[PDB]
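Notes follow once the structure below has been shown.
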Amino acid sequence: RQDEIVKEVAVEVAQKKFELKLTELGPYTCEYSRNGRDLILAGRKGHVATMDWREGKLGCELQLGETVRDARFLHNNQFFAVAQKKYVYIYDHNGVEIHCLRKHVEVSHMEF
Amino acid sequence: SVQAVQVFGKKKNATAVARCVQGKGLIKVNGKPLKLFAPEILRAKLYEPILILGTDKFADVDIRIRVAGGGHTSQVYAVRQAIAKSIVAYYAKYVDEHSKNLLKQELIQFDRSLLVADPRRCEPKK
Amino acid sequence: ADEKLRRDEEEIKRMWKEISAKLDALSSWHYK
Amino acid sequence: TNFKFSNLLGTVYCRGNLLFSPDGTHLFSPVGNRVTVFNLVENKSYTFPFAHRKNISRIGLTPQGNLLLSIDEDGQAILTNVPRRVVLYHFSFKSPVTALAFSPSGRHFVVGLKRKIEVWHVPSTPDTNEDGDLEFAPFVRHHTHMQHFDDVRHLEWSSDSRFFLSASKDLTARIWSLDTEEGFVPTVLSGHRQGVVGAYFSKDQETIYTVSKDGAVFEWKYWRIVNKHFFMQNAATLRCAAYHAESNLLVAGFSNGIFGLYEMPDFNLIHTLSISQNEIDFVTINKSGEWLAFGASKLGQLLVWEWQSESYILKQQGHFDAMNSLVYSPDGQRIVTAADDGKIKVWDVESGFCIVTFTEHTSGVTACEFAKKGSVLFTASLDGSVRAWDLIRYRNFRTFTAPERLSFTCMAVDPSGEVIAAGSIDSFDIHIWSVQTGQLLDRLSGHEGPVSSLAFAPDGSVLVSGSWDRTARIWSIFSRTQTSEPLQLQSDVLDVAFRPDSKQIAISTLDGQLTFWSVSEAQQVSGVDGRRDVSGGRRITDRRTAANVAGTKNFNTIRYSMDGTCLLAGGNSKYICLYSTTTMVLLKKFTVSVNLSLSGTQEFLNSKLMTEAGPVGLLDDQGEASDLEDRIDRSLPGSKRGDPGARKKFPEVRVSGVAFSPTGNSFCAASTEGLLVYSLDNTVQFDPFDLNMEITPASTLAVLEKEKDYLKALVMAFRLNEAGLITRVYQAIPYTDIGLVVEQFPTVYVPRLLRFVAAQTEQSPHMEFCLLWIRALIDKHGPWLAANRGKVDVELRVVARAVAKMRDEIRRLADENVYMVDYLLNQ
Amino acid sequence: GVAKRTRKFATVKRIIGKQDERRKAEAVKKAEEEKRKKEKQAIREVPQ
């Protein structure tokens, strides 16, 4: 059990065994960066959030309304892309919409 | 935090304000009391809302009326409209809602010109 | 040819029924 | 006075599974809240007493067709008693119910939840057990198993009710028991392409059929597959399928409105045709195998189809947009209603069907009216036109319009229907045409705003205009002085209604207040401030509270009753508001909708809904859909009145128009979720007239059988006001003694007797008896009826209804028979 | 339990918009640097 692992294993990573309770807005897609320093959790009812999970630094939590198919970071943890109900929008680190991608319609899966 | 009601009244050009607050029975029209305004032969038309509604409805309020414009007759109709709307409006906002509807019924069963002023346009006949 | 003129005219009437219906729907039926 | 809920009317179908009776002659059709049965071999409809909280998801029936289990969304269950139309058990499945199959042995039912398969014992009812009542928690559960992987679309039992079988949403079907068999292991029917919409048994339970969503239908034997066979279809996917195992036939309804019909021991097309432009939602199939029933869920579109005599026994549809007006014929037997769909259609009060649908307007029909006559249906629309329909020939006389293009929103025809008034929002003059000429007689002046309610007097001497110049107007046309007489009001006039004697008129104005005016000497006589009486509070997208929204606090439409005593009043709200005229008191108030997939129902809407995005019923989840035309949002941004786009989730609660029935005891609300009729319920509630201590049914029947005094027994049974006793003494006195009783009968029970013998003429098989009653009553009570003529004007017209549905229904036949036999006997 | 946190009213999506830094052109940005250096360095150039 992870009570046995969290006890028998060092305290800096015993910090890293955490949980996070978000009931109301759908099943939560998650994706890290490729250094592991940030994660998006997308929520299919709309709720998309970018965070630094170790230091608890919530870089963004955008609400976004309509449904969400997939979220993913780009080359850094500085831009991310989310596949919406109809288009795929990409966003800056502050969660500000830099641009809507119109040529990709009802994208269901993404890979960078 | 006082119980204050502002109310207007109209005729041809005479416009009258009346402020009705929580008082002790007085009605003063341009400073002078109500039984002194509007030369003698029309004070019955001043009193018409009072002795429709009964003075027991008025023994808890104070009505302060400023009247401007018009002639004597139009100032009388502006005053009595401001009286009637003043008490209906005070009983709208401060005492219960049933008593408003009862006062509107008494005034409307007498004459609707105590509440709604109907100014005359003209008739260009066909 | 008159077949081209009348084919163009019928396609333009189809376009105006579709577009004019969408305009009255945007105005929420406050048209003439 | 005392109005309960009669039939919902004007929608044949909404979302939901529909079902036949086991006799085959009753169709169980879900409307939004409720379930309407309509008797189909003898057309007569009825709605049940209950009303769910959400839209009906499903209905199941016991094989002895006496017990009906309905499901609203999120599993909110009911089961009611259909022979005695009473509501019996409440229940709640906790998941939403996506499949439901009641056992053919009347013993179990399997429900398929969002993945769960729970088989339940059916509760024994007080009609079943000997000295038994309602239990507390009557549903006991036999099994539950969640060994599936996705949703369960369909459930189909065996014939002997020992196996049942589940059509997935993943890809598969599964065959399951009720108790452990000795050579059976519960097993899985393998891969389709998309996911099975059905999986049906035969009679011989060896081959199992299974019908997917991508067209393919497989036959399995013992456990591999004996022959998979598809069928082509161009741009559509298979969305419903029903299989009659006795007659070996499979219907299959699709996404493009077409259904195919296939005899299947081997794949063999009987037939196919298209019924809608939209998808086919639900297929049920008769116990005989002769009638097929198809529900298309987007429009109304309920239809029943004879598959061998290829013919529509039923093809009915509601309104797919908001209604705008209803009226009644002066007979009182049919209500007509217009909508923003573009059609004006004519509904029969009995039998629950539309008898006509007129489609010659475009773009939404505002108003709708009759004359005195009931022959001609004058209607008005935003097309710009007032169409004057001929209702005996089902086609229009004359479509009037204005010289400059308008869009009329209000309409009033003279009672002697030779003068038309209409009025618009674009112009703010009022246009009057002449019917017996065809031209435009005048356009009339006076208003400083768009005239928003027009009404002629039932005398027909006075037109009355109510306009957004906060004013009303008496238009005295017909004499040599076409004069006006304004009524300076306080706010924007919403409505105008006449007292049926033309001496008094009521206006709704935008405050929420009604007021009452003399017409001869124009002078306000009375008035209601009804702002608090009408507040059906807190739609979603209200960040304001329920009692602060100005916008549900005004009456759109008002009517008087046929006596002239009570008013109906109703607005963009939840409460219909029934006032009086003499004492001005609110008599009664009705909650239109209990629904919760409507919007304006709950004032004090609960905070469990409000997620950290907003209301959870406001998140656009259209991308959570597996079909392309469901996913595509082809709406226009910011359209209030009719658009083809129509996302249309959570419509609000309005009444779009009330009107009283011309015969007594009924009531119409043109609301959003149908067309509700309320009726003065009289068969449960005891209500005497002037009654003493001795007067029992033993006393009425005592002076009926022991010492026969027919006048005292008749006034005695009236004086109880019990229908069984007045029927007993009515069919007890003889047709010689009728003229004795009526020749000496009290004058103040006469219109009760006229209404009773009118109902007995129209309903009981006693022609010359009841016509002798009417003959005696009008012969003796002639000067009284002619002298009063307004006090009794409804009683004389329910009688004239009865003696003209007798004069035209059987004496056309008597004339045609006597002159036909006169010819064939002349040779 | 507790009266919940009130939503705002006129909320719009955060879009990048005109007159930023990272959208704005580099030569326009050098024009802004020239105008600032010539605005701070207050010099009325009168050649002799």
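Labels used: A, B, ... for chains in the order of the structure tokens, numbers from 1 for residues in each chain, and numbers from 1 for ligands as shown.
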
### Message
DSSP on the backbone: which residues in chain C end up as alpha helix (DSSP H)? Give the answer as a PyMOL selection string.
### Response
chain C and resi 2-26

### Task
Going by DSSP on the backbone, which bits of segment 621-718 of chain D are strand (DSSP E or B)? Write them as JSON, numbers by chain, please.
{"D": [655, 656, 657, 658, 659, 660, 666, 667, 668, 669, 670, 671, 675, 676, 677, 678, 679, 680]}

### Task
Select residues of chain B: the criterion is any atom within 9 Å of an atom of chain D, counting only C-alpha atoms; output as a VMD selection string.
chain B and resid 101 104 to 105 108 to 109 111 to 112 116 to 119 123 125 to 126

#### Entry: Check: which chain E residues lie within 6 Å of chain A using only C-alpha atoms, as a PyMOL selection string
chain E and resi 14-16

Would you output that residue set with C-alpha atoms, as an mmCIF file, in the first residue's frame?
```
data_model
loop_
_atom_site.group_PDB
_atom_site.id
_atom_site.type_symbol
_atom_site.label_atom_id
_atom_site.label_comp_id
_atom_site.auth_asym_id
_atom_site.auth_seq_id
_atom_site.Cartn_x
_atom_site.Cartn_y
_atom_site.Cartn_z
ATOM 1 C CA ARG E 14 -8.923 36.577 -22.012
ATOM 2 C CA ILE E 15 -7.719 37.109 -25.581
ATOM 3 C CA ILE E 16 -4.326 38.492 -26.565
#
```

### Query
Mind listing as a PyMOL selection string which residues of chain A are within 9 Å of chain D, counting only C-alpha atoms?
chain A and resi 24-25+44-47+63-69+84-86+106

Shell of 12 Å around residue 53 of chain A, only C-alpha atoms, local chain residues under 3 positions omitted, as a short mmCIF file (atom, residue, chain, number, x, y, z; two decimals) with N, CA, C and O atoms, in the first residue's frame:
```cif
data_model
loop_
_atom_site.label_atom_id
_atom_site.label_comp_id
_atom_site.auth_asym_id
_atom_site.auth_seq_id
_atom_site.Cartn_x
_atom_site.Cartn_y
_atom_site.Cartn_z
N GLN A 15 6.08 14.20 -0.01
CA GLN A 15 5.29 15.36 -0.40
C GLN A 15 4.60 15.15 -1.74
O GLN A 15 3.47 15.61 -1.91
N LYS A 16 5.26 14.49 -2.69
CA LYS A 16 4.73 14.44 -4.04
C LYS A 16 3.59 13.45 -4.19
O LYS A 16 2.89 13.50 -5.21
N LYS A 17 3.37 12.56 -3.22
CA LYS A 17 2.13 11.78 -3.22
C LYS A 17 1.02 12.67 -2.69
O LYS A 17 0.82 12.79 -1.48
N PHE A 18 0.28 13.31 -3.58
CA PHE A 18 -0.82 14.18 -3.18
C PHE A 18 -2.05 13.82 -3.99
O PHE A 18 -1.97 13.09 -4.98
N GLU A 19 -3.19 14.33 -3.57
CA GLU A 19 -4.44 14.17 -4.30
C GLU A 19 -5.17 15.50 -4.35
O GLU A 19 -4.78 16.47 -3.70
N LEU A 20 -6.24 15.54 -5.13
CA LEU A 20 -6.80 16.82 -5.55
C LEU A 20 -8.22 16.58 -6.02
O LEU A 20 -8.43 15.92 -7.04
N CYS A 30 -5.26 14.71 -17.87
CA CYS A 30 -4.08 15.37 -17.35
C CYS A 30 -2.90 15.14 -18.29
O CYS A 30 -2.85 14.14 -19.01
N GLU A 31 -1.96 16.08 -18.29
CA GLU A 31 -0.74 15.94 -19.08
C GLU A 31 0.35 16.78 -18.44
O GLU A 31 0.09 17.92 -18.06
N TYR A 32 1.55 16.23 -18.34
CA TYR A 32 2.68 16.99 -17.81
C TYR A 32 3.33 17.82 -18.91
O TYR A 32 2.86 17.89 -20.05
N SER A 33 4.46 18.44 -18.57
CA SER A 33 5.41 18.95 -19.54
C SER A 33 6.37 17.81 -19.87
O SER A 33 6.15 16.67 -19.47
N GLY A 36 8.39 17.59 -16.60
CA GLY A 36 7.59 17.25 -15.46
C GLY A 36 7.29 18.38 -14.51
O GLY A 36 6.84 18.12 -13.39
N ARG A 37 7.51 19.62 -14.92
CA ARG A 37 7.43 20.75 -14.00
C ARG A 37 6.04 21.35 -13.95
O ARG A 37 5.73 22.13 -13.05
N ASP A 38 5.21 21.04 -14.92
CA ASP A 38 3.88 21.61 -14.95
C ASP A 38 2.91 20.57 -15.48
O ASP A 38 3.29 19.67 -16.23
N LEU A 39 1.65 20.67 -15.07
CA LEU A 39 0.63 19.81 -15.64
C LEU A 39 -0.59 20.64 -15.97
O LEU A 39 -0.94 21.57 -15.24
N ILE A 40 -1.24 20.31 -17.08
CA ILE A 40 -2.60 20.75 -17.32
C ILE A 40 -3.50 19.64 -16.85
O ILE A 40 -3.25 18.46 -17.14
N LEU A 41 -4.55 19.99 -16.14
CA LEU A 41 -5.70 19.11 -16.04
C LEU A 41 -6.84 19.79 -16.77
O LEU A 41 -7.23 20.91 -16.43
N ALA A 49 -6.92 23.83 -16.35
CA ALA A 49 -6.01 24.50 -15.44
C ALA A 49 -4.58 24.04 -15.63
O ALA A 49 -4.31 22.84 -15.73
N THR A 50 -3.65 25.00 -15.64
CA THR A 50 -2.22 24.77 -15.78
C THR A 50 -1.54 25.10 -14.46
O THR A 50 -1.77 26.18 -13.91
N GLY A 56 3.02 24.09 -5.78
CA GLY A 56 1.64 24.53 -5.66
C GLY A 56 1.31 25.81 -6.38
O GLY A 56 0.40 26.53 -5.97
N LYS A 57 2.03 26.12 -7.46
CA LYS A 57 1.89 27.40 -8.14
C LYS A 57 0.89 27.22 -9.27
O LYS A 57 1.19 26.60 -10.29
N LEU A 58 -0.31 27.76 -9.09
CA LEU A 58 -1.33 27.67 -10.12
C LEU A 58 -1.08 28.77 -11.13
O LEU A 58 -1.44 29.93 -10.92
N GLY A 59 -0.42 28.42 -12.24
CA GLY A 59 -0.17 29.38 -13.29
C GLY A 59 -1.41 29.85 -14.02
O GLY A 59 -1.47 31.01 -14.43
N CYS A 60 -2.40 28.98 -14.16
CA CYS A 60 -3.63 29.35 -14.83
C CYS A 60 -4.75 28.44 -14.37
O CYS A 60 -4.53 27.27 -14.07
#
```

### residue 87 of chain A environment, 8 Å, only C-alpha atoms, sequence neighbours closer than 4 positions dropped, as an NGL selection string
:A and (83 or 100-107)

What would the file look like if the residues just selected were written as a PDB file, in the first residue's frame with N, CA, C and O atoms?
```pdb
ATOM      1  N   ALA A  83      -8.006  21.388 -27.226  1.00  0.00           N
ATOM      2  CA  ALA A  83      -8.953  20.966 -28.239  1.00  0.00           C
ATOM      3  C   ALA A  83     -10.340  21.080 -27.637  1.00  0.00           C
ATOM      4  O   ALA A  83     -10.719  20.270 -26.775  1.00  0.00           O
ATOM      5  N   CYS A 100      -7.043  31.204 -31.953  1.00  0.00           N
ATOM      6  CA  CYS A 100      -7.895  30.083 -32.321  1.00  0.00           C
ATOM      7  C   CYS A 100      -7.450  29.451 -33.634  1.00  0.00           C
ATOM      8  O   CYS A 100      -7.265  30.138 -34.642  1.00  0.00           O
ATOM      9  N   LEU A 101      -7.266  28.137 -33.609  1.00  0.00           N
ATOM     10  CA  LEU A 101      -6.941  27.352 -34.793  1.00  0.00           C
ATOM     11  C   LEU A 101      -8.243  26.840 -35.383  1.00  0.00           C
ATOM     12  O   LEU A 101      -8.889  25.948 -34.807  1.00  0.00           O
ATOM     13  N   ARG A 102      -8.597  27.404 -36.542  1.00  0.00           N
ATOM     14  CA  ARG A 102      -9.846  27.184 -37.247  1.00  0.00           C
ATOM     15  C   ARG A 102      -9.776  26.021 -38.205  1.00  0.00           C
ATOM     16  O   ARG A 102     -10.791  25.362 -38.432  1.00  0.00           O
ATOM     17  N   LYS A 103      -8.604  25.768 -38.772  1.00  0.00           N
ATOM     18  CA  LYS A 103      -8.387  24.738 -39.772  1.00  0.00           C
ATOM     19  C   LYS A 103      -8.479  23.338 -39.196  1.00  0.00           C
ATOM     20  O   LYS A 103      -8.498  22.373 -39.962  1.00  0.00           O
ATOM     21  N   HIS A 104      -8.526  23.208 -37.878  1.00  0.00           N
ATOM     22  CA  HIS A 104      -8.624  21.929 -37.191  1.00  0.00           C
ATOM     23  C   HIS A 104     -10.001  21.939 -36.539  1.00  0.00           C
ATOM     24  O   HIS A 104     -10.228  22.672 -35.575  1.00  0.00           O
ATOM     25  N   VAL A 105     -10.923  21.140 -37.061  1.00  0.00           N
ATOM     26  CA  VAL A 105     -12.313  21.168 -36.624  1.00  0.00           C
ATOM     27  C   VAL A 105     -12.645  19.844 -35.953  1.00  0.00           C
ATOM     28  O   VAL A 105     -12.446  18.775 -36.542  1.00  0.00           O
ATOM     29  N   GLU A 106     -13.173  19.937 -34.727  1.00  0.00           N
ATOM     30  CA  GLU A 106     -13.499  18.810 -33.852  1.00  0.00           C
ATOM     31  C   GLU A 106     -12.328  17.845 -33.724  1.00  0.00           C
ATOM     32  O   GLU A 106     -12.443  16.645 -33.956  1.00  0.00           O
ATOM     33  N   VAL A 107     -11.176  18.420 -33.392  1.00  0.00           N
ATOM     34  CA  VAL A 107     -10.008  17.629 -33.054  1.00  0.00           C
ATOM     35  C   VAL A 107     -10.290  16.850 -31.784  1.00  0.00           C
ATOM     36  O   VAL A 107     -10.734  17.410 -30.779  1.00  0.00           O
TER      37      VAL A 107
END
```

### Message
One number please: atom CA of residue 22 of chain E to atom CA of residue 78 of chain A, in Å, one decimal.
### Response
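These two atoms are separated by 13.4 Å.
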
### Task
Find the residues around residue 177 of chain D up to 9 Å (only C-alpha atoms counted), leave out those fewer than 3 positions away in its own chain, and share them as a ChimeraX atom specification.
/D:162-165,180-181,184-186

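Between atom CA of residue 627 of chain D and atom CA of residue 240 of chain D the separation is 14.4 Å.
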
### Task
Write down, as a PyMOL selection string, each residue of chain E that has any atom within 10 Å of an atom of chain D, counting only C-alpha atoms.
chain E and resi 3-9

Output for the residues just chosen: C-alpha atoms as a compact mmCIF listing (two decimals), in the first residue's frame:
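See out_36.txt below for the written result:
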```txt
# COMPACT_ATOMS: atom_id res chain seq x y z
CA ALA E 3 -23.09 31.09 1.18
CA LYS E 4 -21.06 30.52 -1.94
CA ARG E 5 -18.71 32.91 -3.73
CA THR E 6 -20.55 35.30 -6.04
CA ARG E 7 -19.77 35.25 -9.73
CA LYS E 8 -18.85 38.41 -11.56
CA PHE E 9 -21.11 39.87 -14.23
```

### Message
For a test of reading the model, state the distance in Å between atom CA of residue 38 of chain E and atom CA of residue 25 of chain E, rounded to one decimal.
### Response
19.9 Å
